[PDB]
Amino acid sequence: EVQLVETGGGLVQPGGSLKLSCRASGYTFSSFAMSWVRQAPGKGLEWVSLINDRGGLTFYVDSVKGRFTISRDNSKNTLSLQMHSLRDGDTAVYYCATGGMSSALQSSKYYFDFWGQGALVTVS
Amino acid sequence: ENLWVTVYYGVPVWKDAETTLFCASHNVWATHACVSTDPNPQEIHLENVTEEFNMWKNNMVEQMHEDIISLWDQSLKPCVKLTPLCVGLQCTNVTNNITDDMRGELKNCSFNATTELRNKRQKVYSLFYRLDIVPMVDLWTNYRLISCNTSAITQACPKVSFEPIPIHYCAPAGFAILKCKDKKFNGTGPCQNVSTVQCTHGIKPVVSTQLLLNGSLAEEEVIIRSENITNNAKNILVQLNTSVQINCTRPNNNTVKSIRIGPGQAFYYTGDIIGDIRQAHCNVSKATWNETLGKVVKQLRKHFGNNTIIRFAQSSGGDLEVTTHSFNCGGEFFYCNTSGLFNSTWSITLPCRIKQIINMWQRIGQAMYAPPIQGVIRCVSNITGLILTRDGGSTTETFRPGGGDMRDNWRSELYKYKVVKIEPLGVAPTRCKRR
Amino acid sequence: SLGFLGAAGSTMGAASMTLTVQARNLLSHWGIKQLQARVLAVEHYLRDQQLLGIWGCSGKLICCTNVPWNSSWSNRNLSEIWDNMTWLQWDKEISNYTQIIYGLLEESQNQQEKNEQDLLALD
Amino acid sequence: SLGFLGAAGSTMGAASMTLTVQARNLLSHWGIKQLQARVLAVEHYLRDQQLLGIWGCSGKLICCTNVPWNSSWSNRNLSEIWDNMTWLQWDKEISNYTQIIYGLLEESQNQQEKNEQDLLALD
Amino acid sequence: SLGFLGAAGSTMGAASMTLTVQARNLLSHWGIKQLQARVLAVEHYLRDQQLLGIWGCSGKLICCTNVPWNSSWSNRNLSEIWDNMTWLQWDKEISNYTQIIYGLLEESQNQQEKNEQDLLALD
Ligand SMILES: *[C@@H]1O[C@H](CO)[C@@H](O[C@@H]2O[C@H](CO)[C@@H](O[C@@H]3O[C@H](CO[C@H]4O[C@H](CO)[C@@H](O)[C@H](O)[C@@H]4O)[C@@H](O)[C@H](O[C@H]4O[C@H](CO)[C@@H](O)[C@H](O)[C@@H]4O)[C@@H]3O)[C@H](O)[C@H]2NC(C)=O)[C@H](O)[C@H]1NC(C)=O
Ligand SMILES: *[C@@H]1O[C@H](CO)[C@@H](O[C@@H]2O[C@H](CO)[C@@H](O)[C@H](O)[C@H]2NC(C)=O)[C@H](O)[C@H]1NC(C)=O
Ligand SMILES: *[C@@H]1O[C@H](CO)[C@@H](O[C@@H]2O[C@H](CO)[C@@H](O)[C@H](O)[C@H]2NC(C)=O)[C@H](O)[C@H]1NC(C)=O
Ligand SMILES: *[C@@H]1O[C@H](CO)[C@@H](O[C@@H]2O[C@H](CO)[C@@H](O)[C@H](O)[C@H]2NC(C)=O)[C@H](O)[C@H]1NC(C)=O
Ligand SMILES: *[C@@H]1O[C@H](CO)[C@@H](O)[C@H](O)[C@H]1NC(C)=O
Ligand SMILES: *[C@@H]1O[C@H](CO)[C@@H](O)[C@H](O)[C@H]1NC(C)=O
Ligand SMILES: *[C@@H]1O[C@H](CO)[C@@H](O)[C@H](O)[C@H]1NC(C)=O
Ligand SMILES: *[C@@H]1O[C@H](CO)[C@@H](O)[C@H](O)[C@H]1NC(C)=O
Ligand SMILES: *[C@@H]1O[C@H](CO)[C@@H](O)[C@H](O)[C@H]1NC(C)=O
Ligand SMILES: *[C@@H]1O[C@H](CO)[C@@H](O)[C@H](O)[C@H]1NC(C)=O
Ligand SMILES: *[C@@H]1O[C@H](CO)[C@@H](O)[C@H](O)[C@H]1NC(C)=O
Ligand SMILES: *[C@@H]1O[C@H](CO)[C@@H](O)[C@H](O)[C@H]1NC(C)=O
Ligand SMILES: *[C@@H]1O[C@H](CO)[C@@H](O)[C@H](O)[C@H]1NC(C)=O
Ligand SMILES: *[C@@H]1O[C@H](CO)[C@@H](O)[C@H](O)[C@H]1NC(C)=O
Ligand SMILES: *[C@@H]1O[C@H](CO)[C@@H](O)[C@H](O)[C@H]1NC(C)=O
Ligand SMILES: *[C@@H]1O[C@H](CO)[C@@H](O)[C@H](O)[C@H]1NC(C)=O
Ligand SMILES: *[C@@H]1O[C@H](CO)[C@@H](O)[C@H](O)[C@H]1NC(C)=O
Ligand SMILES: *[C@@H]1O[C@H](CO)[C@@H](O)[C@H](O)[C@H]1NC(C)=O
Ligand SMILES: *[C@@H]1O[C@H](CO)[C@@H](O)[C@H](O)[C@H]1NC(C)=O
Ligand SMILES: *[C@@H]1O[C@H](CO)[C@@H](O)[C@H](O)[C@H]1NC(C)=O
Ligand SMILES: *[C@@H]1O[C@H](CO)[C@@H](O)[C@H](O)[C@H]1NC(C)=O
Ligand SMILES: *[C@@H]1O[C@H](CO)[C@@H](O)[C@H](O)[C@H]1NC(C)=O
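Protein chains in written order, with the deposited numbering: chain I, 1 to 52, 52A, 53 to 82, 82A to 82C, 83 to 100, 100A to 100H, 101 to 112; chain A, 32 to 56, 66 to 141, 150 to 309, 311 to 395, 413 to 459, 463 to 504; chain B, 519 to 546, 570 to 664; chain F, 519 to 546, 570 to 664; chain E, 519 to 546, 570 to 664.
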C-alpha cells in the first residue's frame, strides 16, 4: 500500500502565499520523482510542477514558473510546495503525485503512479 | 527502451595483472632502496566482493625473490674479497677442552697471509670449522678453504646486519593490492572477505629451511597449504595458529681478531675461544612441539583420511643446506639437525653445526664468508610454520622436513595478497543521450 | 565515503556516485623499477584520458553519448543492470564487446565534430 | 609580457590576466636524477589537471563554479581582494581553507554531473 | 581505415577524416634509454594537449576559433588548400607563421575567457 496525504492550508487572500506539504509512505521516497497536479472545481486535471528524485531539478508550467517553489526533504519523506502571489485562477484541488520522471538509470515513466487524497486550495 | 551507451570513468573494477612493485620501510635491506612507509593503514574492506586467489601463481613471490637476491648481491659486492687467502692451511686439533660431540668439528689452522704491503707476508692463526675446510696434500699444509676450488670467497662487510626487517611491497598508482581476510584460508580459490590495501603489512625476509621462523600465525587453526596435495613432489606449507618458541645458541665465547690483507682491506677470523668448546644447539619445548604436531596431523587427516596413521621422519639426504634447518642467528649461520623433532608416529635439544663459508642459494659460482661474531650468541625465535614433503610411498603416509627452495619461505607470507590493475573506464546502457 | 574501491561490491547505481573517490587514486638499480612503475602509471592514465578525448568525453566522469545500445551486447533491462548487478559482473558480462563499443564511440565523435564544424560554418 | 612570474607582485586583478604565461612554463647514474625530475614535473602537472577535471574545469584557466563563498574563509570584500592584494598574500590567507574548498568543489560537480544526466534523460 | 599515416599523401580534406587514427598512436643503459623515450613521448603529448587547452580546444580534434585568417600567411583559397594539396605541403608553407598564429590563438582565448567570466557574472 502506498499513501500520499496532503496537510496544506485552505483560503488565502489574493497576493498572499500558501505552503502545501505531502506526507508520503509505503515506498522508498528517494527512489521516485514527485509532482503537483491541480484540478479547478469545475475543470479537468492540470499539471503544476515536477521535482526529480534527488530534488536537484524542478520544472513548472509557465503560468506558475515565477510564483511556485517545489522542494523535497528525503530524510522526513515529505514534499513541499510554496505558492506565492496566489491568484483567483489558482483555486483548485491540489493532488500530490508520485511519478512523472526517471533519474536516467531507472526505466522510463512519464506518467504518474500514485495520487494523494488532494488538498483544497481557494483564493478569495 | 531506447537505451544509449554511457561512458563512466572511475569505475570500481579491476583485472588480474603483473606489474613491478616497489619496496617501503647498516642492513642488507631498506638501505636507500625503499621508500619511507606511509604510517596510515589505509585498508578498505570490500563488502560482497569475492576474489579468486592462487598463492602459487602470485608474481609478488617472484618479485620478492628477485629483490632479496639483488639486495643481497648489492650488499656483498662492495666488500673485501678473500682471494689472497686461498692458500694451503696447516691445521691441527684444537687444544682447548673438547666435548664428545665437538671432536674434529673445529680445527686450529695457520697460514701465510698477505699484509698491507705487496712484498710482505704474515703468519696468521685462526680456528675454522671442519665444514669450511677440505683436505689437501701439499708441502707443509693439510687443508684449504672449501670454496677456493669453485668460486671467489667474498667477506661480508662488517657492521652490515643480516637481521631480517619488515619490507612492505607497495603498488604504483593505478594498481591496488587485495588482501584475503579469511580465517582458515585454503590459499587458493574464492575469498569472500576481500579488502583493498595500498600495500602489505611488512614482511620480514627471513631465510630458513624446514622450519619457518618469525612469520605470521594462523588466525584460529593450523592451515595445510599445497599446490596439489595429491602430488608428493609439491611442498606443503603448514601455517601454525600458535608459535612454538625455539631457543638457539652458540655458548662458546669467541675472541675475534683481524688482519689487513691489502690496502684498505680487512679479514676477520676467530682468534680463540674463551671457555670450554661445546656444540651449538636449539631447545624446543617438548610439550609444545608434541601438541603442535598433534594439531598438524589432525589437519592432515582431513586430506589423507580420518583413519590413516601419519608418521614423521627426518630428511632423506642431500646437501647440508637442505637436509638441516638453516637459519641466521646473531649474524652466524646455524645448520640444526631436526631429526629430534620429526621422528614419530600418530625439552628437545637439536644439535647444530656452524658454517662460515656459505652459498646462500642453490646457484653455484658465488660464495660469501660470514665473519665470526665476538662473544656468545643466543636467539629466541618463533616457529610459525613448517615446510613438509610427503613420502612417495599402501597406507601410513610419511612426512619429512622439506627443502630450501626459498619461494616456500615467501609463500608462507604473501599468500593472502593479490595485485590487480584498475580499469577506470567502463560503459553501460542508460537513458541519457547527448542533446 | 567508502574510500578507494569501497563501492566495488555495491550495485552499479550506487557505485556510479563514487567515481571521484577512486579517480584521484590513479595518479597517486632500484631507481629504475620505481621510476618505470611511475611512468607506467602515467601512461595508463594518459591512454584513458586520450581515449575519453577521442570520444568527446574529456573532463567528464559520466559522459552521455549518441551510440544506441543494440541489445546484443547485453539484453538485460536497466533495473537488473543498475540495481541488481555490480560493475565487476557487468565488466565480465560485456568484456567481449568493449572493443566494438569503443570503435562506435570513436566513429560517433568523428561525425559529431564534422557536424559541429558545419553548423559553425553557417552565418 | 611581464615574464614567467612578472605579475607575482601585482594585484590579483592584474596577475589573473597572465595565467597563460605561467601555464606554458609548467611542462618545460645522472639519468636517474634527470628522469625523476621530469617524471615529478609531469606527475604534478597531471595531479592539477585531474583535479580540475574532477571539478568540471578541464581545459579552462578561469573556471567559474557553483560553490558559494563562505564569509568564514575570508571576510574581505571583492574590491579589497582583487584591487589591494597579491596572489601570494591571498594564498597565505586562504591556506587553511583550501582543502575544504576543494572538497566542496568536488561535491558540486558530482551533483551537477548527475543533474546533467537527468536533464539529458528527458525525451 | 587507411592506417596510422595512410592519409599522409591524401588531400587536406580527406585527411581530416582520420584524425583519430593518428591521435590514438601518439602514446603507444637500457632502462634509462627506455625511460627517456617514454618520458619524452609523454612530454610531447602533454605539451600539445596543454597548448590546445590554452587555446580553448581541450578535448577536441577539430577546433574552430575566433582568430581571422590573414592573407599574408597564405592567400590560397579553400579549393587550393582542402583539395589539390596535402598536409605536408601545407606545413611546409605554414612554417614562418606558425608561432604568430599560436600567439594569436592564445590571446583570443584569453579574451574569450574574460568575456565568459563577465557574462556569467551578470545576475
Ligand atoms: C626473530 O626475531 C627475533 C627478534 O624478534 C630475533 O632476535 C633478535 O635478533 C637481533 C639480531 O641478532 C638481536 O639484536 C642484537 O641484540 C644484541 C643484544 O641486545 C641487548 O643489548 C642492547 C644494549 O643496547 C639492548 O638495546 C637490547 O635490547 C638487548 O638487551 C646486540 O648486542 C646486537 O647488536 C650488536 O650486533 C649487531 C649485529 O647486527 C650490530 O649492528 C651492533 O652494533 C652490535 O654489535 C643486536 O642489536 C635482538 O636482540 C634479538 N631479539 C631478542 C628478543 O632476543 C631473531 O634472531 C629472529 N630470528 C631469525 C631467524 O631471523
Ligand atoms: C693454535 O695454535 C697456536 C700455535 O701453537 C697457539 O698459539 C700459541 O699458543 C701458545 C700456548 O699454547 C702460546 O705460548 C704461543 O705464544 C701461541 N702462539 C701464537 C703464534 O699465537 C694457539 O693457542 C692454538 N689455539 C688453540 C685454541 O689451541
Ligand atoms: C641427524 O641426526 C640423526 C641422528 O643422529 C642422523 O641419523 C643417523 O644417520 C646415520 C647416517 O649414516 C644412520 O646410520 C643412523 O642410523 C641415523 N640415526 C638414527 C637414530 O636414525 C642424521 O643423519 C643426522 N642428519 C644430519 C643432516 O646431520
Ligand atoms: C609595483 O608597485 C608599483 C607602485 O608601488 C606599481 O606602479 C604604479 O603604482 C601605482 C599605484 O597607484 C599605479 O597607479 C600605477 O599604474 C603603477 N604603474 C604601472 C606602470 O602600472 C607597479 O605597477 C607594481 N608592479 C607590478 C608588477 O604590479
Ligand atoms: C683430532 O681429533 C680426531 C677426532 O676424531 C682424532 O681422530 C685425531 O686423531 C685427533 N688428532 C690429534 C693430532 O690429536
Ligand atoms: C672442486 O670442484 C669440483 C667442481 O666444482 C667439484 O666436483 C669437487 O668436488 C670440488 N672439490 C672438493 C674437494 O669437493
Ligand atoms: C612470538 O609470539 C608471541 C605471541 O604472543 C609474540 O608476542 C612474540 O612477539 C613473537 N615473537 C617473535 C620473535 O615473532
Ligand atoms: C584447497 O586446498 C586443497 C589442498 O589443501 C586442494 O586440494 C583444494 O583443491 C583447494 N581448493 C579448494 C577450493 O578446496
Ligand atoms: C595432482 O597430481 C596428480 C598426480 O597423479 C594428478 O593426477 C592430479 O590431476 C593433480 N591435480 C591437480 C589439481 O593438479
Ligand atoms: C637446553 O636444555 C638443556 C637441558 O639440559 C640446558 O642445559 C641448556 O642450557 C638449554 N639451552 C638453551 C639454549 O635453552
Ligand atoms: C605426545 O606424543 C606422543 C607420541 O607418541 C602421543 O602419543 C601423545 O598423545 C602426545 N601427547 C599430547 C599431544 O598431549
Ligand atoms: C625415533 O624415536 C625412537 C623411539 O621412539 C628412537 O629409538 C629412534 O632412535 C629415534 N630416531 C631418531 C632419528 O631420532
Ligand atoms: C668473553 O671473555 C672476555 C674476556 O675478556 C670478556 O670480556 C667477555 O665479556 C666474555 N664474553 C662473554 C659473552 O662471556
Ligand atoms: C553488501 O550487500 C548488502 C546486502 O544487504 C548491502 O546492504 C550492502 O550495502 C552491500 N555492501 C556494499 C559495500 O555495497
Ligand atoms: C527485467 O528483466 C527481468 C528478467 O530478466 C524481469 O524479471 C524484470 O521484471 C525486468 N524488469 C523490468 C523493469 O522490466
Ligand atoms: C560556512 O562555514 C560555517 C562553519 O561553521 C558553516 O556553519 C556555514 O554553514 C558555512 N556556510 C556556507 C554558505 O558554506
Ligand atoms: C572593503 O573593506 C575595506 C576595509 O578597510 C573598506 O575600507 C572598503 O571600503 C571596503 N570596500 C567595499 C567596496 O565595500
Ligand atoms: C592556520 O592555522 C594555524 C594553526 O596554528 C594558525 O596559526 C594560522 O594563523 C591559520 N592561518 C590562517 C590563514 O587562518
Ligand atoms: C592518390 O592519388 C590518387 C589520384 O592520383 C587518388 O585516387 C588516391 O586516392 C590518392 N591516395 C590517397 C591515399 O589519398
Ligand atoms: C597580416 O600580416 C601582415 C604582416 O606584415 C600585417 O602587416 C597585417 O597587419 C596582418 N593583417 C591582419 C589583418 O592581421
Ligand atoms: C583558387 O585559386 C586558384 C589560383 O590558381 C584559382 O585557379 C582557383 O580558381 C581559385 N578558386 C576559387 C574557388 O576561387
Ligand atoms: C621563411 O623564411 C626563410 C628565411 O630564409 C625563407 O627562405 C622561407 O622561404 C620563408 N618561408 C616561407 C614559407 O615563406
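Note that beta-carbon positions come from the ideal geometry of N, C-alpha and C, so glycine has one too.
Taking the CA atoms as reference points, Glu87(A) sits about 10 Å from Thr244(A).
Apart from the 5 residues on each side of it in sequence, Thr394(A) sits with its Cβ closer than 7 Å to the Cβ of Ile358 and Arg360 in its chain, given in chain order. Taken through DSSP and simplified to helix, strand or coil, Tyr27(I) comes out as coil. Per the coordinates, the alpha-carbon of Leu175(A) lies some 50 Å from the alpha-carbon of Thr236(A). Close to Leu100A(I), with beta-carbon spacing below 7 Å, are these residues of chain A in chain order: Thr499.
Counting along the chain, the unbroken beta strand (DSSP E) around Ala329(A) starts and ends at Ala329 to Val333. The nearest non-hydrogen atom of ligand 13 is 7 Å or more from the C-beta of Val333(A). For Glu1(I), the secondary structure class from DSSP, reduced to helix, strand or coil, is coil.
Taking C-beta separations shorter than 7 Å and ignoring five residues to either side along the sequence, the partners of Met530(B) in its chain run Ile622, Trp623, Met626, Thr627, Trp628 and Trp631, following chain order. Each of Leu520(F), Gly524(F), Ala525(F), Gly527(F), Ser528(F), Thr529(F) and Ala532(F) has a C-beta closer than 7 Å to some heavy atom of ligand 4; these make up the full list, in chain order. Under the three-state reduction of DSSP, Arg298(A) is assigned to strand.
The Cβ atoms of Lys227(A) and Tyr486(A) sit closer than 8 Å to each other. Under DSSP, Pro417(A) takes part in a beta bridge, and its partners are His330(A). Around the beta-carbon of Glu49(A), fewer than 16 other beta-carbon atoms lie within 10 Å, marking it exposed.
Ligand 13 has a heavy atom closer than 7 Å to the beta-carbon of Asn301(A). For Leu56(I), the C-beta contacts it makes with chain F under 8 Å involve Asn656, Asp659 and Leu660, in order along the chain. For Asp101(I), the three-state secondary structure derived from DSSP is strand.
Apart from the 5 residues on each side of it in sequence, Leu111(A) sits with its Cβ closer than 7 Å to the Cβ of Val68, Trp69 and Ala73 in its chain, given in chain order. According to the DSSP assignment, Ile271(A) belongs to the beta strand (DSSP E) that extends over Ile271 to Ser274.
Contact between the segment 597-608 of chain E and the segment 639-646 of chain E is present: three or more C-beta pairs spanning the two stretches fall below 8 Å. At a cut-off of 8 Å between beta carbons, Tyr586(F) contacts chain E.
Among the CB atoms of chain I, one or more fall inside 8 Å of the CB of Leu619(B).
Distance between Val111(I) and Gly8(I), taken at the CA atoms: about 14 Å.
By the criterion of a C-beta distance shorter than 6 Å, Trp96(A) is surrounded in its chain by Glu275, once the five residues flanking it on both sides are discounted.
If the five residues before and after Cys205(A) are omitted, its C-beta is found closer than 6 Å to the C-beta atoms of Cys119, all from its own chain and listed in chain order. Not a single heavy atom of ligand 10 lies less than 7 Å from the C-beta of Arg429(A). By the Cβ neighbour-count rule, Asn618(E) is exposed, with fewer than 16 other Cβ atoms within 10 Å of its own.
Interface criterion met: the Cβ of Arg503(A) is under 8 Å from a Cβ in chain B.
Those residues of the segment 594-619 of chain E placed with their C-beta closer than 8 Å to a C-beta in chain B are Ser599, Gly600, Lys601, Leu602, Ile603 and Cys605, ordered along the chain. In this structure, DSSP gives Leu52(A) a state outside helix and strand, which the three-state scheme calls coil. Taking the CA atoms as reference points, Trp35(A) sits about 5 Å from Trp610(B). Nearest neighbour of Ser534(E) by Cα position, chosen from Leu576(E), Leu602(E) and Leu660(E), turns out to be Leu602(E). With three or more CB-CB distances shorter than 8 Å, the segment 440-455 of chain A counts as touching the segment 284-299 of chain A.
Near ligand 21, residues with a Cβ at less than 7 Å from any of the ligand's heavy atoms are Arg617(E), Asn618(E), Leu619(E), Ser620(E) and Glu621(E); the list follows chain order.
Distance from the CA atom of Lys305(A) to the CA atom of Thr77(A), rounded to whole angstroms, is 39 Å.
Ranked by Cα distance from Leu483(A), the options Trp427(A), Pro438(A) and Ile215(A) are led by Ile215(A).
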